[PDB]
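Q: an experimental structure, sequence included, is below.
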Amino acid sequence: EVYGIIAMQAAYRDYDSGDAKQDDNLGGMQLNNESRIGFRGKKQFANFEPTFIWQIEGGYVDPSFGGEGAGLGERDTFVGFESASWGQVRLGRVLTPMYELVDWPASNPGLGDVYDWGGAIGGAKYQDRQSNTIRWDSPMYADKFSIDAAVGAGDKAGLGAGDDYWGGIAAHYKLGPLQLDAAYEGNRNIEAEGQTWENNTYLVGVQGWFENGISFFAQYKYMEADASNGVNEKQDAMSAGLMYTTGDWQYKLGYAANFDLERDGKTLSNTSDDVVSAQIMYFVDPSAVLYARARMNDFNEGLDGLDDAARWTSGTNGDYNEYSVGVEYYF
Amino acid sequence: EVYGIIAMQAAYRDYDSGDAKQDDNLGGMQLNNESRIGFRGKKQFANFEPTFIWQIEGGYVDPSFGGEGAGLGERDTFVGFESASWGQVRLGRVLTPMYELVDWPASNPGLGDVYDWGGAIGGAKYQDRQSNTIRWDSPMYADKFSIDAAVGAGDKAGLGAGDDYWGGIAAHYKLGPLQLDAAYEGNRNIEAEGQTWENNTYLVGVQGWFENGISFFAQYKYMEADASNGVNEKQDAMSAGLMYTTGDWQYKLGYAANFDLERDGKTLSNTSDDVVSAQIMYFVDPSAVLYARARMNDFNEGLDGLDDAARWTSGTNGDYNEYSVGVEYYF
Amino acid sequence: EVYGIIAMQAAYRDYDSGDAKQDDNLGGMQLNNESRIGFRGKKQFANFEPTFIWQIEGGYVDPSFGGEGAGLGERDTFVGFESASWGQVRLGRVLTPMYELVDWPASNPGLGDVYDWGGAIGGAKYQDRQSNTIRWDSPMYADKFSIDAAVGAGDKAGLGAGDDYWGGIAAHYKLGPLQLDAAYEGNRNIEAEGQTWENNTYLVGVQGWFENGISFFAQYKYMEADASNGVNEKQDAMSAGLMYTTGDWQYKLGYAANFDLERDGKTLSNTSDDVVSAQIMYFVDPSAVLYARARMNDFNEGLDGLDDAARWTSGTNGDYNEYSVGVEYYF
Ligand code: NA
Ligand code: NA
Ligand code: NA
Ligand code: NA
Ligand code: NA
Ligand code: NA
């Protein structure tokens, strides 16, 4: 099968970095073309009861702040087997059970700079899409609850330049109109800032859809990290959104926040992020959306890592506001 | 739909750069695999009268002087809407209204080294295929007159490293067997040579097709550029071609030349390029052509920019002659 | 048409390099996703008797020791003409006549580090898949005899950075259940280690398939090399495999070895490699296989080139063992 998401976003960014040239560069209007082509298949092997499944999805063909061009396999790309009895196992490049919940519902609309890859923790809060990963997805037992479980090699291990690995698990529970989410991920042998780290991230969350037209999601994230030199860091974050859908319209208010990081017992002042976002979406077709979105990002003021050099965050480049329109079509 | 152009060229180059090792290096026989695969589609949204359109085109799969492999989106890749009433709007990566006329017909056959990206002017004479763009194509009003018009982000802005932008417009008028072309492009906030430039380019041209089998095109290009330190540059260029089409064959003669550059009123000596080109083409199928090509490029001898360092031109590598055989098939 | 090979390998590698961190980095468990998507077609031109053919095959989508993402055109990608009388000609990216035999049958299962790209000789033993190649494949005359013949530009030459080139020829003769193979390749103008090399490689081999289910292959590879400073190098290599195919299973035992490199008549001690490999295969479907494989690589302990710095070989990273299971699906 050929499949694709044709998706373009026109976005104006006004930056407030404290330098006018830096404000001018990062800022301006760009087109964020997240269109992608994928190939997929299912296949019943003659001599194996579980059905063979496979997918190869390409990258964004021209995202903003980046050059043109994507290859096949840049996004979720795997082989695997699936069964009605025990769910599906997948090998290759997938979302980690923890990341999947961070991305959806928790990173939309436009909350990703804070809640996705934002944050000041050292090491690796979690992995997002990772190659060399095996992920088991359980069925929806009793039409109520599901389990996601994965282990994989780390970013350096997949280039033969390290021994990092990671494991994660997530569970979902249906409670009438609500879904309770809980997820966990641990990263080991993470080499950065001249140390070897261990990360542990925990997430709990709720999403609800109700027949009156209101839907909401709410998540709490607690990320801990310990270095080989004995320093321990802790960071909190949360994300929530409110949506009222009436006819062909969806109103959404989104908010997320990273809180001040705690290092070895000290609160580092001004290491917190938060973003507030509003989005109005029009269901222009059963297979497409049009949308307008506004967001305000207030990022942290900086922090150094355990090598006495600045630690990169989504706040490095500066505070900014974004006004965007976009379209997404699925085939 | 899937579409593609299968295009292979066997080309011999004899260089005259003034160094024999480099003449041996750059010269020789190479294959120019300009093949590309694309996907495109249209869709009628239920709640939007204009027809939705999109295209994702890949790069040359193995061009000469480069490595193998191309990504999806390296070429014309966009979304847009269409109306029979007001034409079509496209957001994404498109040819600029001026570049389209520079490329076709004015760069064929093999005049591109001189007329396309050749030249000595500073800044950016024009953009060619440019990402982060909106381009409107008007209908052929009265089956005679059409407008092509676009505004877009610059090369640096699409990486968040500048605030360069550009606007462009082109118009075509049908006069019996003639089409009159006139185009313009202006680039602003272009950073190069330690300065910030503004470019303004103008083009006029005529192409004609006659029932006896004669066709020709002729273009005149005028590029001026102003740097922030007050230096002003001006350069003229021209391109013309003559073809006699008889039966399954087309004979072609091409010429293009860039003239000496003018900086602050001073003519820079020997900064002019020109190419004479001959091509025989065989219509091997309604969907394919074979061609043979001979081409002679005489390039400028060099110029320094306003940073007292050499300015790169298509003449950097040296004068050269080229003999080509090739095939192009459309599906 | 679209075609593909969906191929994933889970492999544990135990290195024995003489450094513990290097054993930690290079070794471990990884996923080797050698999946690829391809496009190919044929066309009968109205005015040309031989049929036009073309192919664009993509790279490995997320191989081991590498990052994710592959372009269209990284593998066999060509245009060409084919006729029942005279076979087929191909221009573009293809395997050299010699390389095809080194790869198949002689590199399976897991003999590639030694017999494929392994060895200690200087210059370029052979090309494998190389762009800018014209390769002719003759018909199977009398269902007994076939020829493969190719000439091409070299790896530096395809970037406008050299004048290396190469030509090669191979032939196969079917004798009942045996096939006698002979191949040759000569590379010229190879710039490496501060000299200019000439390599000449010769190959002979036999393949057998018997009605009882036994198949075998065995090849003898002889590599010669001469540098511009007068140095002469010689290396011999060999590969063999034994197979029993019964029902849904095929057992494979493979061995290959490079012998000690001889430079200027003097044998360099411990410049020899060898690999032993066993693989058990399950034909899970007419279109797929599952397999388990174990292999042990013993590589040479080091070698200097003609610039007195280490010459890179397949052993530079260290000895290792590998245990892997995998799946392959064809569509
Ligand atoms: Na699940
Ligand atoms: Na090339
Ligand atoms: Na450009
Ligand atoms: Na137009
Ligand atoms: Na090569
Ligand atoms: Na053959």
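A: Everything's here; your move. Numbering: from 1, shown residues only, chains lettered A, B, ... in the order given. Ligands and ions are numbered 1, 2, ... in the order given.

Q: from now on I want contacts and neighbour counts done on CA atoms only, so please keep to that.
A: OK.

Q: grab the nearest non-local neighbour of the spatially most central residue of chain A.
A: With distances taken as C-alpha atoms, centre = their mean, the residue of chain A nearest its centroid is residue A:103 (3.3 Å). Nearest residue to residue A:103, sequence neighbours excluded (C-alpha to C-alpha, 6 or more residues apart in numbering or on different chains): residue A:116, at 6.5 Å.

Q: also residue A:58?
A: Leaving aside its sequence neighbours, residue A:58 sits nearest to residue A:72 (C-alpha to C-alpha, 6+ apart; 4.1 Å).

Q: pretty sure that neighbour sits against residue A:60.
A: No - applying C-alpha atoms under 8 Å as the test, residue A:72 and residue A:60 come out as separate, 10.1 Å apart.

Q: okay, the two: which has more neighbours?
A: residue A:72 (30 against 25; other C-alpha atoms under 10 Å in any protein chain shown).

Q: okay, and the beta partners of residue A:282?
A: Beta-bridge partners of residue A:282, counted by DSSP bridges, are residue A:249, residue A:290.

Q: contact partners for it?
A: When contacts are counted by C-alpha atoms under 8 Å, 6 or more residues apart in numbering or on different chains, residue A:282 touches A:248, A:249, A:250, A:289, A:290, A:291.

Q: neighbours around the residue nearest to residue A:103, how many?
A: Residue A:116 has 22 nearby residues by other C-alpha under 10 Å.

Q: now it: how far from chain C?
A: Residue A:116 sits 21 Å away from chain C, going by C-alpha to the nearest C-alpha, to the nearest Å.

Q: I'd say that residue and residue A:105 touch.
A: No - the criterion here is C-alpha under 8 Å, and residue A:116 misses it with residue A:105 at 11.1 Å.

Q: could you check how far the residue nearest to residue A:58 is from residue A:36?
A: 9 Å (C-alpha to C-alpha, to the nearest Å).

Q: need the overlap of contacts for these two.
A: A:57, A:58, A:59.

Q: would CSV of the residues you listed with secondary structure and neighbour count be doable?
A: Putting the shared contacts of residue A:72 and residue A:36 into CSV (DSSP: H, G, I helix; E, B strand; the rest coil; neighbours: other C-alpha atoms under 10 Å in any protein chain shown) gives the following:
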residue, secondary structure, neighbour count
A:57, strand, 24
A:58, strand, 28
A:59, coil, 24
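
Q: would CSV of those with distance to residue A:112 be doable?
A: Below are those laid out as CSV (distance: C-alpha to C-alpha, whole Å):
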residue, distance to residue A:112
A:57, 21
A:58, 21
A:59, 18
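
Q: let me know the closest of these to residue A:83.
A: residue A:57 (22.3 Å; C-alpha to C-alpha).

Q: report all helices and strands that the host helix or strand of residue A:52 contacts.
A: Assigned by DSSP states H and E, residue A:52 falls within strand A:51-57. If you count contacts as 3 or more C-alpha pairs under 8 Å, 6 or more residues apart in numbering or on different chains; DSSP states H and E, strand A:51-57 packs onto strand A:36-43, strand A:77-83.

Q: what's the most buried one of these?
A: strand A:77-83 (a mean of 23; mean count of other C-alpha atoms under 10 Å in any protein chain shown).

Q: wondering if that one reaches chain C at all.
A: Yes - on the criterion C-alpha under 8 Å from any C-alpha of the partner chain, strand A:77-83 is in touch with chain C at A:78, A:79.

Q: also stretch A:192-204?
A: No - applying C-alpha under 8 Å from any C-alpha, one finds stretch A:192-204 separated from chain C by no less than 13.1 Å.

Q: got the buried residues for that stretch?
A: A:193, A:195, A:196, A:197, A:198, A:199, A:200, A:201, A:202, A:203, A:204 (16 or more other C-alpha atoms under 10 Å in any protein chain shown).

Q: distance from that stretch to the middle of the chain?
A: Computed by C-alpha atoms, centre = their mean, to the nearest Å, the chain-centroid distance of stretch A:192-204 equals 17 Å.
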